[PDB]
Each structure stands twice: as structure tokens, then as C-alpha cells.
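Below, each chain spelled out in residue letters.
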Amino acid sequence: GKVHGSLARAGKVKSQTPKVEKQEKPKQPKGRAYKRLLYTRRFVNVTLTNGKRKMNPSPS
Amino acid sequence: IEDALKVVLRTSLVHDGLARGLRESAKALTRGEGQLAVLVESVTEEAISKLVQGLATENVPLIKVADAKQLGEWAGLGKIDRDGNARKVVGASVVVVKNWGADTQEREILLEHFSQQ
Amino acid sequence: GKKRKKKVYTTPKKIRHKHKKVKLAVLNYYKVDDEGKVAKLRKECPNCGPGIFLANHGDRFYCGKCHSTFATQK
Amino acid sequence: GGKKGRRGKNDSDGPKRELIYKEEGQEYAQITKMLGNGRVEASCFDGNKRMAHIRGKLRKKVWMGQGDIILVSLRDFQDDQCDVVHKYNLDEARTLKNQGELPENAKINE
Ligand SMILES: [Mg+2]
Ligand SMILES: [Zn+2]
């Protein structure tokens, strides 16, 4: 109907959200390695020179 | 011979000559239609083969090829999209040739030999 | 706007008429006379030609090919 | 009336809607008095007088007055106050009156 259940039930959305498990996620290098990875990814592996850098370019 | 049988099954699959089954085969033999018949002896309870023989007495010649499943396989019942067999099981257990279609010399010599017996 | 509800039916069900399959059906139509001559248990239909067997249900015989035009009392 | 109407959603549900019942805490009530600040007083059909907020999707979307049957959702942490969730336009209210989810001593008819 208008409201499926009792309204304002102190955490309704969190209760009924589908619990989706984390991905296996191979280890991300950390420390100086992370900075080296960022430097390589941005200033020696320029990907999308058109427009801006557009880091995290949404696929569409 | 193995070649003439596949040749005749091709010439009857092209022009719709195979009575694929036994009821259609029985109807063709009762009529003046069934010009050839191949059937397998590895049939349980053996009465279907006996009925085929009796209808053959009555369109006379018959062949006694075994391997019912293989008989259906090289009888053209399969869609055979791939090069290898793409269906689990398919069989005929009786095939009747009605339309002779195209004619090859080796096949006519073979059928004359089988008629001579 | 349209306000449609879930349809409720005042009828239990009508079921698809499944075709009556018969194993070893063809041999019942015939009869082997001891390794040789054979006879037919069912009757032949004249209009279609030789081979087609008449249907006997009760005090009449009925065809399948020209089924509509042939139903002759026994 | 007015030029306001063309700015609206034009949500025309004139045909007879299917009335909504009460579900585990949502209960029927009757508007007793009209207060300010978009809040109403609802006598629920349990002998209690709850204070019901005129609620979202209902504030300036339907206009409700004194002596209107109503559906209201309670709050388990605070029982005194509640929220008006749906309004019945005096036709299905008769149906509930015959079915008697509410005590019939509350007779409100035109
Ligand atoms: Mg408009
Ligand atoms: Zn007929």
C-alpha cells in the first residue's frame, strides 16, 4: 500500500538492504609503492589526455 | 556395401523418401510406396521385425543392417550442426526408402545383388 | 489513469489436452500369420486408399484422414 | 480552482482505489480537533488520544478536516505521538464500519 510496514522504524533501510560480500581483492601495495603506482598511473601513463585527467572515469 | 546405403539415404532424405519410423513404414509398405527397407535385429521382443518381414511378404527387398542408434545416426535423423554428433541419442530402428531419387551404379549393382540373394 | 486489480477467476482450471501416446501402438493394428502372411486387425478406409485403419469406438467405424466425412455404423 | 492546478502532478486516481488495511502498528483513528503547525489530534480506536503529525506525501497533497477517518502509524519508542499516513475519503470508511475493524460506537455520517 502507501507504506509497506510501520513507518520510521529506527534503521529501516539498513535492515532491509541486501548484504553483499566483499570481493577477493588482491593485495594493494602500500607505502612508497602506492606513491610510485600513483606517479606511474598519472604522469608517465597518461591515459585520457582529452579533457581533464578524469581519474576514475565512469564507464558509459 | 556401406557406401550405397548412405547414398540411398541421402537420395531419399533430399526428396523425402525415408519413412522414418515404423507406422509410416508400415503404411508405405501396405501402399505401393516402400521401395527399400533397412531394419535392425537388435530389437527387444523382436515382434516389430517380424511384422516388418510379414508386411514385406505382401516392394520386396529388405536389408539387415544392425546398430539401430548408428542406423539413425547415418540415416540423417540428426540435425548434425557441428562436425561431431551434437545429439545425445537418436535412432530409427526401421527405415523405408520410397523415392529412389538420384541413381549411382554401385548402389544399383548392390540392390540387384541383394534382390538375387 | 487506470486502476486495475489482480484478476480473480471463478473457475478451477482448464488443462491442455495431452495427446494419448501409445507405446508399441503400430503392432496392435496388425497380426502376423506365423512367419509369412499378415492380416490387419482394424478395417481399411476406402476414401483414402489402402493402409489407413478405421477407428472403432461403439457401433460405428471412423476414419482419421478424411475423418469428418466417414463415420459408418457397424 | 486556480492556475495552481496545471503545475501539479495531474495524478488522477478518480476511479475507486483499493482501500488499505492496518498492518502491525498502523491503526485506524478519527480526527478530533485541528491544531496548528500541520499537526492533528487523532482519537485512536483503543481509548487513547494520540497526537498525529500531518506527514510527508500528505501535507499539501490532500486536505483533511475535523471528523475524518484516518490511518496512522505509531512509534514504538514514543507511543504518545504518531504520523498520519493515509486518508480514506468517506466511502471505504463505510465499508470498514460494516466490517467493524473500529468500534461502531464512533458513528460519523453526513
Ligand atoms: Mg500537465
Ligand atoms: Zn478416410
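The PDB entry annotates chain D as Eukaryotic translation initiation factor 1A originating from Saccharomyces cerevisiae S288C. Looking at the header, the entry is titled "Structure of a yeast 48S-AUC preinitiation complex in closed conformation (model py48S-AUC-2)". Its UniProt record, at the heading Function, says of chain D: "Seems to be required for maximal rate of protein biosynthesis. Enhances ribosome dissociation into subunits and stabilizes the binding of the initiator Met-tRNA(I) to 40 S ribosomal subunits." The Sequence similarities field of the UniProt record for chain D holds the comment "Belongs to the eIF-1A family."

You'll find chain A entered in the PDB entry as 40S ribosomal protein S30, with Kluyveromyces lactis NRRL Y-1140 given as the organism. The Sequence similarities (unreviewed entry) comment attached to chain A in UniProt states, word for word, "Belongs to the eukaryotic ribosomal protein eS30 family."

A. Molecular detail of empty space enclosed by the protein. Considered as a void within the structure, the largest cavity measures approximately 110 Å³ in volume. Along its surface, the largest cavity is lined by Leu22(B), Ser25(B), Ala26(B), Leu29(B), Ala37(B), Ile48(B), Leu51(B), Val52(B), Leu55(B), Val96(B) and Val26(C). Broken down by element, the lining of the largest cavity gets its largest block of residues, four residues, from helix α3 (residues 47-57) of chain B.

B. The sheet that holds strand β5 (residues 81-87) of chain D, seen in detail. Residue and element names in this part refer to chain D. Spatial ordering of the closed barrel is given by β1-β2-β3-β5-β4, a layout of five strands whose pairing is mixed. The average undirected angle you get between the axes of adjacent strands in this sheet is 55 degrees. Here strand β1 (residues 26-34) pairs with strand β2 (residues 39-44) via five bridges, running antiparallel. Residue pairing in the sheet places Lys 33 in a bridge with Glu 41 of β2.

C. Up close: the coordination of the zinc ion (ligand 2). The protein atoms that coordinate the zinc ion (ligand 2) are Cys45(C) (SG), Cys48(C) (SG), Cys63(C) (SG) and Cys66(C) (SG), at distances spanning 2.3 Å. What the four donor atoms of the zinc ion (ligand 2) show is an angle range of 106 to 114 degrees at the metal, which sorts the shape as tetrahedral.

D. Summary view of unusual backbone geometry. For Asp67(B), which is not a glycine, the phi torsion comes out positive at approximately 55 degrees. Looking at where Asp67(B) falls in the secondary structure, it is placed in the loop between α3 and α4 (68-73). In this model, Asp59(C) sits at a positive phi of 35 degrees, which is unusual for a non-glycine residue. Turning to its location among the elements, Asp59(C) is positioned in the loop between β3 (55-56) and β4 (61-62).

E. Structural view of the nonpolar core. Counting residues in each nonpolar core, the largest one holds 16 residues, and the members touching the most others are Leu51(B), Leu55(B), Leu62(B), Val96(B) and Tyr30(C). Looking at this core, the elements that each hand over two or more residues are α2 (23-30), β1 (36-39), α3 and β2 (94-97) of chain B. Beyond its immediate chain neighbours, meaning those up to four positions away, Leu62(B) contacts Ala37(B), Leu39(B), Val52(B), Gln53(B) and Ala56(B).

F. Representation of a nonpolar patch on the surface in the model. Together, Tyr39(A), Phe43(A) and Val44(A) make up a nonpolar patch on the protein surface, roughly 350 Å² of accessible area in all. Note that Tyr39(A) resides in helix α2 (residues 32-44).

G. Geometry of the pattern of salt bridges. Residues and elements named next belong to chain A. On inspection of all chains with the given rule, the structure shows 11 salt bridges over all chains. The salt bridge partner of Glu 21 is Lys 19, with a shortest N-O separation of 2.5 Å. Residue class for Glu 21 comes out exposed when judged on its relative accessible area of 62%. You can call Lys 19 exposed: its relative accessible area is 66%.

Parameters at a glance
- Residues numbered from 1 in each chain as written, not as in the entry; some residues may be left out.
- Chains lettered and ligands numbered in written order.
- Part of a larger assembly, values for the part shown.
- Heavy atoms only, no water.
- Residues with missing side-chain atoms left out of burial classes, pairs and counts.
- UniProt positions renumbered as here; feature names shortened; annotations may be inferred.
- 1 Å grid on protein atoms, 1.4 Å probe; cavity = no way out; pocket = protein on both sides within 12 Å on 5 of 7 lines; lining within 4 Å.
- Points joined across faces, edges and corners; volume = space filled by probe spheres on them.
- Helix = DSSP H or I, 4+ residues; strand = E, 2+ residues; numbered from the N terminus.
- Pairing = 2+ DSSP bridges.
- Axes fitted to C-alpha atoms, helices over the stretch in contact; angles between N-to-C directions.
- Donors = N, O, S within 2.8 Å, 3.2 Å for Na, K, Ca; no water.
- Tetrahedral: all angles 85-135°; square planar, octahedral: opposite > 155°, others 65-115°.
- Core = buried A, V, L, I, M, F, W, Y, C linked by side-chain atoms within 4.5 Å.
- Buried < 20%, exposed > 50% of the residue type's maximum accessible area, 1.4 Å probe, protein only.
- Contact = heavy atoms within 4.5 Å.
- Patch = residues over 30% accessible without salt bridge, like charges linked within 9 Å, V, L, I, M, F, W, Y side chains within 5 Å.
- Areas by Shrake-Rupley, 256 points an atom, 1.4 Å probe, with all protein chains shown as cover.
- Salt bridge = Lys/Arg side-chain N within 4 Å of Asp/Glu carboxyl O.

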